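S.K.: Structure provided below as structure tokens; questions to follow.
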Amino acid sequence: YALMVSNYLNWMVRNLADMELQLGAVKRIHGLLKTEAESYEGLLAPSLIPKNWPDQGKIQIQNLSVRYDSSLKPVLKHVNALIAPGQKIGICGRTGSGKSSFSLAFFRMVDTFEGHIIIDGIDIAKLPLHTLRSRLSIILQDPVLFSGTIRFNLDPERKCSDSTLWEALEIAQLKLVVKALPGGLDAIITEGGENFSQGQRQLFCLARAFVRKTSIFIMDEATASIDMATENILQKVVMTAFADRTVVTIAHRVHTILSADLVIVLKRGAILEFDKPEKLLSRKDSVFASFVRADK
Amino acid sequence: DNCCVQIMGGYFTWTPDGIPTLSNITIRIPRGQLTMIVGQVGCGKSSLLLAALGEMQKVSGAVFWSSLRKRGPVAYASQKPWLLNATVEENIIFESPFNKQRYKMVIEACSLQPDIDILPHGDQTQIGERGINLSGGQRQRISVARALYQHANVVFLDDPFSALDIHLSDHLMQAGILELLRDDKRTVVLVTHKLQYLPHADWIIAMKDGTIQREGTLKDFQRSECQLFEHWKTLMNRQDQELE
Ligand SMILES: Nc1ncnc2c1ncn2[C@@H]1O[C@H](COP(=O)(O)OP(=O)(O)OP(=O)(O)O)[C@@H](O)[C@H]1O
Ligand SMILES: Nc1ncnc2c1ncn2[C@@H]1O[C@H](COP(=O)(O)OP(=O)(O)O)[C@@H](O)[C@H]1O
Ligand SMILES: [Mg+2]
Ligand SMILES: [Mg+2]
């Protein structure tokens, strides 16, 4: 047994050493195991919401003001607005003026510390987060397409027919490329959509936004990457099949926010104008008129 | 002759077991002038620059590079921006000799001075993956600022006006390119969808489905392919004004 301890003392101390080394990994995992939640449970009882609550838009903006975290300055100041169920309001403004944080506040993503911005009777803070972000629809500026196939990237739940996917892609105008694509359907999109061009990725994620029938459909800068010709084609095919649906557009180009129902300009966290775009063009001293003037 | 790249008869593919993504290319890009390469979405615009950079393979054709042969140091900023986990200064300098004057000239070209002011340690903050996440227009302006600082004499640019407003695009249009870029006589190629700047173009090449259409000047496009000229007039909506 003296031969045994001479054999095994190095094994004892070395196995203790890399046991501590691998214990550091469990320490890091346990350090990330104690992160905060997001309170996915809503205040309202789930039977008390309708099956079809968003049948009207009827969005009031009742003294909303948002921050990102509690140590920060508020992103949006006191804003006051009201949205018709069928209308086609577009939003524009200078960069960094909270116009995407507006959309995050619509999804309870950015931190809401003020506001009674109830949409068609039900409150935003009271709603369950999964029911909220399941039955609304935001399209982003960055195409963030996952790996896998066409139908998987378009509908990962397999909750629709392929004719609906063909229709939502027809109103996305990709049928000429995906029909010439050798898969047709279920062709492989790589890990990040690098198989296609950048605006094609944007059109793919726009088509994925199109398959969700939600009646409330806010757009961020979703035409910021595509060309103006297919932007005009997509703009004249939207608000035709999407006539009843309320759109909230962050237009990267003013010449589609011109044809609108209302417009809000946003600078420094507050509403500057909230009216028809046509009379804002005929104010002759407005930020919208200088926006379209510096545009073209 | 100032022929920058005289690729003639080119035929470029992504898949070697596939169709050529670009068809016959015979572009004649001049040196020291701004040129806008314009097509629709997915018609070979970035694929042409990746072809001229040699990153895509060709089944035929012959690229004719020219120096002041082989391709020299050409600066480039892609559609998707790419960042280094370093300081913003090291991101823009990109292993160049430091010049405080020209780093200033590109920081007021790209107009990232309030953004470096809001940055919590200024010029020496770690950005990228191991670092603070940025908005995206910020990353775009960083990627074009490192293209500005490079002293390439031939610079390539993909669209910087994806994640910018009207003000930042015009400030990047008037200052920066054609102001910092042509007094130093730096050859610049720029693909864009914002057609309001092709007025400021010494050359334009059109493109459709991997095929280039006719190239030339804006008075040449007043003659050639008048369907495309009226399409660009109607799309820019300054249809009363004649584009030159
Ligand atoms: N990484 C890739 N792999 C395979 N095919 C590609 C790739 N990138 C582009 N293509 C093909 O080339 C065509 C043109 O894409 P390109 O590289 O020119 O980007 P782009 O058209 O300039 O980007 P966008 O128009 O979206 O701004 C696309 O229609 C696509 O079919
Ligand atoms: N993740 C974040 N954490 C903290 N602040 C942020 C975050 N994202 C954006 N901000 C700040 O909020 C402001 C609102 O801008 P944002 O809505 O992101 O851009 P835009 O107004 O162009 O849509 C920005 O100036 C930015 O500084
Ligand atoms: Mg935004
Ligand atoms: Mg591209």
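Labels for the structure tokens follow display order: chains A, B, ..., residues from 1 in each chain, ligands from 1.
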With a distance cut-off of 9 Å and only C-alpha atoms, select the neighbouring residues of residue A:252, excluding the residue or stretch itself and same-chain residues fewer than 3 positions from it, and output the selection as number ranges by chain.
M.R.: A: 92, 220-225, 256-257; B: 162-166
S.K.: Would you kindly report the residues of chain A within 7 Å of chain B, using only C-alpha atoms, as a list in words?
M.R.: residues 94, 95, 197, 199, 200, 224, 225, 226, 227, 228, 229, 252, 295 and 296 of chain A
S.K.: Would you save the residues from that selection as a PDB file, in the first residue's frame, using N, CA and C atoms?
M.R.:
```pdb
ATOM      1  N   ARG A  94     -36.036  61.697 -37.959  1.00  0.00           N
ATOM      2  CA  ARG A  94     -34.588  61.569 -37.969  1.00  0.00           C
ATOM      3  C   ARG A  94     -34.166  60.297 -37.240  1.00  0.00           C
ATOM      4  N   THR A  95     -32.988  59.786 -37.596  1.00  0.00           N
ATOM      5  CA  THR A  95     -32.482  58.565 -36.981  1.00  0.00           C
ATOM      6  C   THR A  95     -32.154  58.789 -35.512  1.00  0.00           C
ATOM      7  N   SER A 197     -29.688  37.395 -51.996  1.00  0.00           N
ATOM      8  CA  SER A 197     -29.229  38.763 -51.857  1.00  0.00           C
ATOM      9  C   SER A 197     -29.897  39.401 -50.642  1.00  0.00           C
ATOM     10  N   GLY A 199     -31.696  42.376 -50.106  1.00  0.00           N
ATOM     11  CA  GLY A 199     -33.097  42.707 -50.249  1.00  0.00           C
ATOM     12  C   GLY A 199     -33.979  41.506 -50.495  1.00  0.00           C
ATOM     13  N   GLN A 200     -33.428  40.430 -51.057  1.00  0.00           N
ATOM     14  CA  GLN A 200     -34.196  39.195 -51.167  1.00  0.00           C
ATOM     15  C   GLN A 200     -34.453  38.589 -49.797  1.00  0.00           C
ATOM     16  N   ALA A 224     -36.133  49.680 -46.664  1.00  0.00           N
ATOM     17  CA  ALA A 224     -34.867  50.395 -46.605  1.00  0.00           C
ATOM     18  C   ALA A 224     -33.781  49.717 -47.424  1.00  0.00           C
ATOM     19  N   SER A 225     -33.932  48.426 -47.708  1.00  0.00           N
ATOM     20  CA  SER A 225     -32.912  47.680 -48.426  1.00  0.00           C
ATOM     21  C   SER A 225     -33.292  47.354 -49.860  1.00  0.00           C
ATOM     22  N   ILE A 226     -34.581  47.351 -50.190  1.00  0.00           N
ATOM     23  CA  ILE A 226     -35.020  46.970 -51.526  1.00  0.00           C
ATOM     24  C   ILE A 226     -34.943  48.174 -52.453  1.00  0.00           C
ATOM     25  N   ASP A 227     -34.986  47.930 -53.759  1.00  0.00           N
ATOM     26  CA  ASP A 227     -34.923  49.014 -54.725  1.00  0.00           C
ATOM     27  C   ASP A 227     -36.259  49.734 -54.799  1.00  0.00           C
ATOM     28  N   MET A 228     -36.232  50.931 -55.388  1.00  0.00           N
ATOM     29  CA  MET A 228     -37.428  51.761 -55.445  1.00  0.00           C
ATOM     30  C   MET A 228     -38.473  51.214 -56.402  1.00  0.00           C
ATOM     31  N   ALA A 229     -38.059  50.494 -57.447  1.00  0.00           N
ATOM     32  CA  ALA A 229     -39.019  49.929 -58.390  1.00  0.00           C
ATOM     33  C   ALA A 229     -39.845  48.828 -57.740  1.00  0.00           C
ATOM     34  N   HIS A 252     -38.574  54.268 -44.881  1.00  0.00           N
ATOM     35  CA  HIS A 252     -37.237  54.802 -45.090  1.00  0.00           C
ATOM     36  C   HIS A 252     -37.239  55.880 -46.159  1.00  0.00           C
ATOM     37  N   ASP A 295     -35.477  65.240 -49.780  1.00  0.00           N
ATOM     38  CA  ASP A 295     -35.523  63.975 -50.502  1.00  0.00           C
ATOM     39  C   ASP A 295     -35.438  64.207 -52.005  1.00  0.00           C
ATOM     40  N   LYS A 296     -36.414  64.917 -52.559  1.00  0.00           N
ATOM     41  CA  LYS A 296     -36.464  65.167 -53.993  1.00  0.00           C
ATOM     42  C   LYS A 296     -37.222  66.454 -54.293  1.00  0.00           C
TER      43      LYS A 296
END
```
S.K.: Go ahead and compute the interatomic distance for atom CA of residue B:188 and atom CA of residue B:213, in Å to one decimal.
M.R.: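 Distance between the two atoms: 20.2 Å.
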S.K.: When DSSP works through the backbone of this structure, what residues of stretch 20-226 of chain B end up as strand (DSSP E), shown as an NGL selection string?
M.R.: :B and (22-25 or 29-30 or 34-38 or 57-62 or 75-77 or 154-157 or 187-191 or 203-208 or 211-216)
S.K.: Restrict the selected residues to C-alpha atoms and save them as a PDB file, in the first residue's frame.
M.R.:
```pdb
ATOM      1  CA  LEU B  22     -23.671  36.839 -64.097  1.00  0.00           C
ATOM      2  CA  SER B  23     -23.906  36.669 -67.888  1.00  0.00           C
ATOM      3  CA  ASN B  24     -21.705  38.522 -70.431  1.00  0.00           C
ATOM      4  CA  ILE B  25     -19.996  41.486 -68.734  1.00  0.00           C
ATOM      5  CA  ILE B  29     -14.990  51.461 -65.401  1.00  0.00           C
ATOM      6  CA  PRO B  30     -12.924  54.679 -65.540  1.00  0.00           C
ATOM      7  CA  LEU B  34     -17.803  58.205 -59.430  1.00  0.00           C
ATOM      8  CA  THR B  35     -19.882  55.461 -61.014  1.00  0.00           C
ATOM      9  CA  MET B  36     -23.219  54.099 -59.855  1.00  0.00           C
ATOM     10  CA  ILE B  37     -24.092  50.483 -60.632  1.00  0.00           C
ATOM     11  CA  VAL B  38     -27.878  50.153 -60.561  1.00  0.00           C
ATOM     12  CA  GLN B  57     -15.309  32.032 -59.723  1.00  0.00           C
ATOM     13  CA  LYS B  58     -15.666  32.460 -63.473  1.00  0.00           C
ATOM     14  CA  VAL B  59     -16.229  29.877 -66.166  1.00  0.00           C
ATOM     15  CA  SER B  60     -14.875  32.251 -68.840  1.00  0.00           C
ATOM     16  CA  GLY B  61     -13.981  35.873 -69.487  1.00  0.00           C
ATOM     17  CA  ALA B  62     -10.872  37.874 -68.696  1.00  0.00           C
ATOM     18  CA  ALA B  75     -11.209  49.263 -49.868  1.00  0.00           C
ATOM     19  CA  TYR B  76     -14.724  47.896 -49.633  1.00  0.00           C
ATOM     20  CA  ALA B  77     -17.748  47.897 -47.327  1.00  0.00           C
ATOM     21  CA  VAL B 154      -9.699  52.597 -55.971  1.00  0.00           C
ATOM     22  CA  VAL B 155     -12.534  52.086 -53.486  1.00  0.00           C
ATOM     23  CA  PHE B 156     -15.635  49.907 -53.751  1.00  0.00           C
ATOM     24  CA  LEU B 157     -18.818  50.683 -51.867  1.00  0.00           C
ATOM     25  CA  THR B 187     -11.910  55.732 -57.913  1.00  0.00           C
ATOM     26  CA  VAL B 188     -15.293  54.916 -56.368  1.00  0.00           C
ATOM     27  CA  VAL B 189     -17.964  52.409 -57.404  1.00  0.00           C
ATOM     28  CA  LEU B 190     -21.263  52.593 -55.528  1.00  0.00           C
ATOM     29  CA  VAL B 191     -24.377  50.448 -55.821  1.00  0.00           C
ATOM     30  CA  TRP B 203     -20.824  56.846 -65.386  1.00  0.00           C
ATOM     31  CA  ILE B 204     -23.783  54.506 -64.827  1.00  0.00           C
ATOM     32  CA  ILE B 205     -24.035  50.806 -65.686  1.00  0.00           C
ATOM     33  CA  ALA B 206     -27.504  49.254 -65.732  1.00  0.00           C
ATOM     34  CA  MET B 207     -28.208  45.664 -64.752  1.00  0.00           C
ATOM     35  CA  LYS B 208     -31.024  43.119 -64.936  1.00  0.00           C
ATOM     36  CA  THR B 211     -27.127  40.729 -67.301  1.00  0.00           C
ATOM     37  CA  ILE B 212     -25.752  44.211 -67.560  1.00  0.00           C
ATOM     38  CA  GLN B 213     -27.704  46.468 -69.838  1.00  0.00           C
ATOM     39  CA  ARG B 214     -25.926  49.273 -71.700  1.00  0.00           C
ATOM     40  CA  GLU B 215     -23.436  51.383 -69.761  1.00  0.00           C
ATOM     41  CA  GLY B 216     -22.308  54.913 -70.330  1.00  0.00           C
TER      42      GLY B 216
END
```
S.K.: For residue B:5, please output as a list in words all residues within 8 Å (counting only C-alpha atoms; exclusion window: fewer than 2 positions along the same chain).
M.R.: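 Near residue B:5, the qualifying residues are residues 3, 7, 27, 28, 29, 30, 52, 63, 64, 65 and 66 of chain B.
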S.K.: What does the file look like for those residues with N, CA and C atoms, as a short mmCIF file (atom, residue, chain, number, x, y, z; two decimals), in the first residue's frame?
M.R.:
```cif
data_model
loop_
_atom_site.label_atom_id
_atom_site.label_comp_id
_atom_site.auth_asym_id
_atom_site.auth_seq_id
_atom_site.Cartn_x
_atom_site.Cartn_y
_atom_site.Cartn_z
N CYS B 3 -8.48 53.01 -67.70
CA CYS B 3 -9.34 51.84 -67.56
C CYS B 3 -9.00 51.16 -66.24
N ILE B 7 -12.88 44.20 -67.52
CA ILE B 7 -13.45 42.87 -67.67
C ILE B 7 -14.33 42.84 -68.91
N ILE B 27 -17.87 45.70 -68.89
CA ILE B 27 -17.87 47.04 -68.33
C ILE B 27 -16.46 47.63 -68.39
N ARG B 28 -16.42 48.96 -68.46
CA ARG B 28 -15.22 49.72 -68.80
C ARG B 28 -15.04 50.86 -67.80
N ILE B 29 -15.03 50.51 -66.52
CA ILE B 29 -14.99 51.46 -65.40
C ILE B 29 -13.79 52.41 -65.46
N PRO B 30 -14.03 53.72 -65.49
CA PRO B 30 -12.92 54.68 -65.54
C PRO B 30 -12.29 54.90 -64.18
N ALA B 52 -15.42 41.15 -59.64
CA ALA B 52 -14.25 41.98 -59.90
C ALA B 52 -13.23 41.90 -58.78
N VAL B 63 -10.62 39.29 -66.76
CA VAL B 63 -10.56 40.55 -66.03
C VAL B 63 -9.26 41.26 -66.40
N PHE B 64 -9.33 42.56 -66.60
CA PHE B 64 -8.15 43.37 -66.91
C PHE B 64 -8.03 44.44 -65.84
N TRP B 65 -7.36 44.09 -64.74
CA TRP B 65 -7.08 45.07 -63.71
C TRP B 65 -5.97 46.01 -64.18
N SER B 66 -5.85 47.14 -63.49
CA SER B 66 -4.81 48.10 -63.80
C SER B 66 -4.36 48.79 -62.52
#
```
S.K.: Among the residues of stretch 24-211 of chain B, find those DSSP assigns to helix (DSSP H, G or I) from the backbone and print them as JSON, numbers by chain.
M.R.: {"B": [45, 46, 47, 48, 49, 50, 51, 52, 88, 89, 90, 91, 92, 93, 100, 101, 102, 103, 104, 105, 106, 107, 108, 109, 113, 114, 115, 116, 117, 118, 122, 123, 124, 137, 138, 139, 140, 141, 142, 143, 144, 145, 146, 147, 148, 166, 167, 168, 169, 170, 171, 172, 173, 174, 198, 199, 200]}
S.K.: Show me a table, sorted first by chain and then by increasing residue number, of the residues of chain A having an atom at most 12 Å from ligand 3, each with its shortest atom pair and the distance in Å to one decimal, counting only C-alpha atoms and all ligand atoms and written as a tab-separated table.
M.R.:
```
residue	atom	partner	partner_atom_place_in_ligand_line	distance
A:91	CA	ligand 3	1 (Mg)	10.8
A:92	CA	ligand 3	1 (Mg)	10.0
A:93	CA	ligand 3	1 (Mg)	9.9
A:94	CA	ligand 3	1 (Mg)	9.7
A:95	CA	ligand 3	1 (Mg)	7.2
A:96	CA	ligand 3	1 (Mg)	7.0
A:97	CA	ligand 3	1 (Mg)	8.1
A:98	CA	ligand 3	1 (Mg)	6.7
A:99	CA	ligand 3	1 (Mg)	5.4
A:100	CA	ligand 3	1 (Mg)	3.6
A:101	CA	ligand 3	1 (Mg)	6.7
A:102	CA	ligand 3	1 (Mg)	8.5
A:103	CA	ligand 3	1 (Mg)	8.4
A:104	CA	ligand 3	1 (Mg)	9.5
A:138	CA	ligand 3	1 (Mg)	12.0
A:139	CA	ligand 3	1 (Mg)	11.1
A:140	CA	ligand 3	1 (Mg)	8.4
A:141	CA	ligand 3	1 (Mg)	7.5
A:142	CA	ligand 3	1 (Mg)	10.2
A:219	CA	ligand 3	1 (Mg)	10.3
A:220	CA	ligand 3	1 (Mg)	6.7
A:221	CA	ligand 3	1 (Mg)	7.1
A:222	CA	ligand 3	1 (Mg)	10.4
A:224	CA	ligand 3	1 (Mg)	11.0
A:249	CA	ligand 3	1 (Mg)	11.3
A:250	CA	ligand 3	1 (Mg)	8.1
A:251	CA	ligand 3	1 (Mg)	10.4
A:252	CA	ligand 3	1 (Mg)	9.9
A:266	CA	ligand 3	1 (Mg)	11.6
```
S.K.: May I have the residues from that selection written out with C-alpha atoms, as a compact mmCIF listing (two decimals), in the first residue's frame?
M.R.:
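The result, written out as result_21.txt:
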```
# COMPACT_ATOMS: atom_id res chain seq x y z
CA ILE A 91 -44.30 57.30 -39.15
CA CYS A 92 -41.06 59.08 -40.07
CA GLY A 93 -38.31 61.13 -38.50
CA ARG A 94 -34.59 61.57 -37.97
CA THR A 95 -32.48 58.57 -36.98
CA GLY A 96 -32.22 57.88 -33.28
CA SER A 97 -35.56 59.58 -32.59
CA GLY A 98 -37.17 56.53 -31.03
CA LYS A 99 -39.24 55.43 -34.00
CA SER A 100 -38.26 51.77 -33.59
CA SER A 101 -38.57 52.06 -29.80
CA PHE A 102 -42.16 53.03 -30.61
CA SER A 103 -42.59 49.57 -32.17
CA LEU A 104 -40.87 47.91 -29.21
CA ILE A 138 -43.70 43.54 -36.62
CA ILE A 139 -41.28 43.46 -39.54
CA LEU A 140 -37.75 44.60 -38.75
CA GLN A 141 -34.94 46.40 -40.56
CA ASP A 142 -32.43 43.55 -40.33
CA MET A 219 -43.72 48.01 -40.25
CA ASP A 220 -40.28 49.30 -39.37
CA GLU A 221 -37.84 50.27 -42.17
CA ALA A 222 -38.70 47.26 -44.31
CA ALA A 224 -34.87 50.39 -46.61
CA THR A 249 -45.13 52.12 -41.41
CA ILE A 250 -41.67 53.42 -40.66
CA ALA A 251 -40.90 54.44 -44.23
CA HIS A 252 -37.24 54.80 -45.09
CA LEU A 266 -41.01 62.14 -34.26
```
S.K.: Tell me which of B:120, B:131, B:16, B:72 sits closest to ligand 1, counting only C-alpha atoms and all ligand atoms.
M.R.: B:16
S.K.: Using only C-alpha atoms for the distances, tell me which of A:201, A:67, A:51, A:58 is nearest to residue A:216.
M.R.: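 Closest residue, counting only C-alpha atoms: A:58.
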S.K.: For each of B:83, B:50, B:148, B:8, take the minimum atom-to-atom distance to ligand 4, counting only C-alpha atoms and all ligand atoms, then give the residue where this is smallest.
M.R.: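 The closest residue to ligand 4 is B:50.
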S.K.: Please build the interface table for chain B against ligand 2 with a cut-off of 8 Å, listing for each qualifying residue the nearest atom pair and the distance in Å to one decimal; count only C-alpha atoms and all ligand atoms, order rows by chain and increasing number, and write it as a Markdown table.
M.R.:
```
| residue | atom | partner | partner_atom_place_in_ligand_line | distance |
| --- | --- | --- | --- | --- |
| B:118 | CA | ligand 2 | 27 (O) | 7.9 |
| B:133 | CA | ligand 2 | 1 (N) | 7.5 |
| B:134 | CA | ligand 2 | 8 (N) | 7.6 |
| B:135 | CA | ligand 2 | 18 (O) | 6.2 |
```
S.K.: Given only C-alpha atoms and all ligand atoms as the basis, pick out the residue of A:180, A:206, A:239, A:233 nearest to ligand 1.
M.R.: A:180
S.K.: Expressed in Å to a single decimal, how great is the separation between atom CA of residue A:236 and atom 31 (O, counted along the ligand's line) of ligand 1?
M.R.: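 Here the two named atoms are 24.3 Å from each other.
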S.K.: Between A:253, A:218, A:160, A:189, which has the minimum distance to ligand 1 (counting only C-alpha atoms and all ligand atoms)?
M.R.: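 Smallest separation from ligand 1 among the options: A:189.
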S.K.: May I have the residues within 8 Å of stretch 87-103 of chain B as a ChimeraX atom specification, using only C-alpha atoms and disregarding those fewer than 5 positions away in the same chain?
M.R.: /B:123-127,142-143,145-147,149-150
S.K.: By how many Å are atom CA of residue A:260 and atom CA of residue A:63 apart?
M.R.: 24.1 Å
S.K.: Out of A:195, A:153, A:282, A:230, which residue has the shortest atom-to-atom distance to ligand 4 when counting only C-alpha atoms and all ligand atoms?
M.R.: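 Looking at the shortest contact to ligand 4, the residue is A:195.
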S.K.: Set the distance at 9 Å and use only C-alpha atoms: which residues neighbour residue A:281 once local chain neighbours fewer than 6 positions away are removed? I'd like the list as number ranges by chain.
M.R.: A: 258, 288-290, 292
